[PDB]
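Novice: Here you go, one structure.
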Amino acid sequence: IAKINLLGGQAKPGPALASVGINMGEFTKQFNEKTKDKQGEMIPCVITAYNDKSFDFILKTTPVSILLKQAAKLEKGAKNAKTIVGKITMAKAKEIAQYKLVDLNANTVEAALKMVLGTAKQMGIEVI
Amino acid sequence: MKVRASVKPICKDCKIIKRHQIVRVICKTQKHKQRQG
Amino acid sequence: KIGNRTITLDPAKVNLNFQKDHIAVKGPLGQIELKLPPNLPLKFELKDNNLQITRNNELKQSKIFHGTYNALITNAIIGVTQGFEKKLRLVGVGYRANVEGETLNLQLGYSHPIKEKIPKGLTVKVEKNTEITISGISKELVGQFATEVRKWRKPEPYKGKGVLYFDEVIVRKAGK
Amino acid sequence: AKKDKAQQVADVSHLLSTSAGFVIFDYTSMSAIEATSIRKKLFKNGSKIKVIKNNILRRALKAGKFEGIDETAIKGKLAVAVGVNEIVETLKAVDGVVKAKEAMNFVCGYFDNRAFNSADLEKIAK
Amino acid sequence: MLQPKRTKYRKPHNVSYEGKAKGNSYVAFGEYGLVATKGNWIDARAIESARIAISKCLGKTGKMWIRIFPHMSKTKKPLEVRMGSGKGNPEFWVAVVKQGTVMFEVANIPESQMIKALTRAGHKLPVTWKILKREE
RNA sequence: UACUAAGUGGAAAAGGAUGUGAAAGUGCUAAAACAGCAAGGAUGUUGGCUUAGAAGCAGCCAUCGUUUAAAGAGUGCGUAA
RNA sequence: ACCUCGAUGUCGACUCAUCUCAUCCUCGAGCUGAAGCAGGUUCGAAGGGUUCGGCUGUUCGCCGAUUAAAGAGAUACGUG
C-alpha cells in the first residue's frame, strides 16, 4: 500500500478506498466528523500499512510554505533564496512553531522554531 | 557483444576481470558488457 | 580472508583420511573424494574435533591453493553431512516435467520430446507439476545437472517462461 | 580517533556514575521512525537513551560501581536506559515497545543499583 | 580559427623541436595545467576542439588560459602534381610544441571537474599529455 | 643474483586495465579496521511552481533546520501519482 | 625513374582457375530501439556455392527477372 493525502472533510470516493481493507461508508463519515470545521485546507493524513486497517486515525498540522505569508510578511515572490521582499519577525515565527509543535516527532520549542525557519528557507527567508 | 580497444566501467555495478589473458567487464545489465583491450 | 578460518570437524560418524593424492571424507550419505594434484606445499594437520591448515611457503599460487582447497573441503563436509538441494521453478503455459525411473523427462513447446539422464548419487523430486527439486551430495554435480537441464528455454524478459533459480529475479521489459 | 575514544570513556563514566540506576535491554531488528517516536516519549523523562560500544562499557561499568557483568554489550542492537529518577515512565515506554516487538530479551542492569533479572523488572514496568 | 592576420613572410622554413622545452615550462595563471611530454606540430583546429570541450565541461564558473599560439605557416602542394616548380601553397597554421611544456590551464572550479576537463581536452592533442599542479 | 609465463624474447602507435616486482610517506588497526553478514536508513515534505497524473524520482525552488549512534527534497533502480 | 629498349606483347571477352577474409549465402553466439515473422549490429568462421539477359568494346554502370547470395580483392590491374 502507499501513503494517503486527502482533503479534510467529506470524501466518499478516494484514490484507494475500496480495496485497502476498509468500508468507505465506515471511513468517510468519521473522516468528515473529525474535520467538520477543518475544510478548505490541504491537510496531511497518514494511512497504515497494516493488514486490517485498525482504527488509529491521525492527522497532521497545516503545511508550511503555504502559510509563510503570515509568518514572514511577504506576497510569495521569486522562489530563489537570493531575492527577498520582506523579513520574518519573532512573534509570528514563535506562534506558528507553537501551533506546529504537534506535528514534530520531538517535544522541544526552540527545535520547532528552527525546523519551521529551515522549512521556510525555501523562500530564502531567515530571522532578522 | 562489444569489441573496443578501450574498456571502462560505465555503471555502478560494472566490475572488471581478467579472463584467459583478456580483460573483460561484467554487469547486471546486458547493455554494459564489453570485452577487448 | 579464507584459509586461516578454522574448519570444524564432525567426529560422530563422519571421518577423514588423507593420502598423497586422496582426501576422503566418510559420512552418513556415501563418501566424498578429493584428488589433489601432486607436489602441494599446503600442509594438512587435524586436531581432535578441529582442523587448521596453511601453506608452508609464500607464493601467489600457494596462497590461492590455501583458500581454494579450504573451500572445497568445507563444501565436501557440508555436503556429506547434509546434502545440497537446488530448486527449479518451472514456469510456463504448457511446460512441465516428471520422472520415469532414471530418466528426467519434460514437456516443452518442442516437437521432439526432451529427456535427461540422472548421474549416480543424484535424486530428483517433482512435488508439483510445475516445479523441480534436485538433491545431491556435492554442489558440483547438482549445479552441473541444473545447468544441463537449463540449456532449453532460457528465461526471457518479455514474459516469465522457462526454468528459474528460485529467487533469480527476472528483469522484465516493455511488453508491446 | 583514539584520544576521542578516551575522552568519550571519561564522559560516559562520569554520566553513568552521576546516577545510580540503569538497565540495558536488547531491542533488535527495530526502526528509526519508531525510534524518534521513542525520543518523543522520553523527552518528559529526565533519563535518556544512547548507543555505545562494547569495550567502553566493559571498562566503564566497573568504575560506576555496578557488578554482575559478563556481557555488557552483545547479542543484538544495544542501548542504555540510565534513569536519574522517574525511570518508571521510561521503563513503561520500553515495555510498550517490546510489546510492539515479538519477545523480551533482557541483558543487564537494575532499577536502583543491583543487577537483577527481568522476570520481576517486567512486572515493575507492567 | 586562431590565426595571425599578417606576416612579413608568406612561406617560412620548418623548425626542429628536439631537446627540452623553451619557455612556458611552468604554470602562470591557472591552477591546474596540462603539460606535453613529446614535441610535435599541432594546428589551431585541435586547439579549438580542446577549448570548446573545456568550456562545455567547465561552465560559466571557472577560467582557462591557452599558453601557445600558431606563429608558423607550412605549405602543402596540391594533389597529383610533379615535383619542383617552386614551393606550394599554405593551407594551415601550426604551433610548434616542445616536450616538457604546458598547453592549457584552468582554475576556479572543484578538483574532479578540472581533472576531467583536462583529460577530455588531452585526447584531442597528438602528444602524450600529463596533468600538473601549480608549483607553490 | 632478481625478473617476467608472454614463446613476450623473436616488428610497431594513441588508448585501456585488481599482470607483476621494487622504492617513498600516506589514512586505519588488536580501545578492532577493511570484506562480507543483522537491522534500521527518519521530520518539516504527497512542502510549494508546473505537468487534467510528477507528490524522496517529467522538470524546478531552496537544496537547509530537527530526531540521532545512524540517514541524503534522498546512491540510484523502479511508480500517470 | 631503381630493373628492362642487343624488345619485358599493352583492355575487355572465352576456357581454366588458385589464394586471403575485411563474409554474399548457408553455420554458431551476444546485445537490441529483438512481442512473433521479418530485421539492425558485433564476434567466430574460407568447406562449398555465389545467375541469366538488353545497352555499349567495355570493367564499372543502368535496367529486367530469378534465386541463398548475385561478396571485397589479389595472382606482370591471373593468364594472346
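Numbering starts fresh at 1 for the residues of each chain in the C-alpha cells, the chains themselves are lettered A, B, ... in the order given, and ligands are numbered from 1 as they appear.
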Identify, on the basis of only C-alpha atoms (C1' of nucleotides), every residue whose closest approach to residue 19 (chain G) does not exceed 12 Å; exclude the query and any residue fewer than 3 positions from it along the same chain; express the result as number ranges by chain.

Specialist: G: 46, 73-75, 78

Novice: Could you name the residues that touch region 104-108 of chain A at 8 Å or less, counting only C-alpha atoms (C1' of nucleotides), but leaving out those on the same chain fewer than 5 positions away, as a list in words?

Specialist: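 What passes the distance filter is residues 36, 37, 39, 40, 43 and 44 of chain D; 43, 44 and 67 of chain F.
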
Novice: Near residue 40 (chain C), counting only C-alpha atoms (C1' of nucleotides), which residues have an atom at most 12 Å away, once you skip same-chain residues fewer than 3 positions from it, shown as a ChimeraX atom specification?

Specialist: /C:19-21,35-37,43-44,54-57,59,61-66,69

Novice: Which distance in Å separates CA of residue 13 (chain C) and CA of residue 80 (chain C), to one decimal?

Specialist: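 About the pair CA of residue 13 (chain C) and CA of residue 80 (chain C): they are 10.9 Å apart.
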
Novice: So that each row is one residue of region 48-105 of chain A with an atom at most 6 Å from region 114-127 of chain A, can you give its shortest atom pair and the distance in Å to one decimal, using only C-alpha atoms, rows by chain and rising number, as a Markdown table?

Specialist:
```
| residue | atom | partner | partner_atom | distance |
| --- | --- | --- | --- | --- |
| A:65 | CA | A:120 | CA | 5.9 |
| A:79 | CA | A:123 | CA | 5.2 |
| A:81 | CA | A:124 | CA | 3.7 |
| A:88 | CA | A:127 | CA | 5.6 |
```
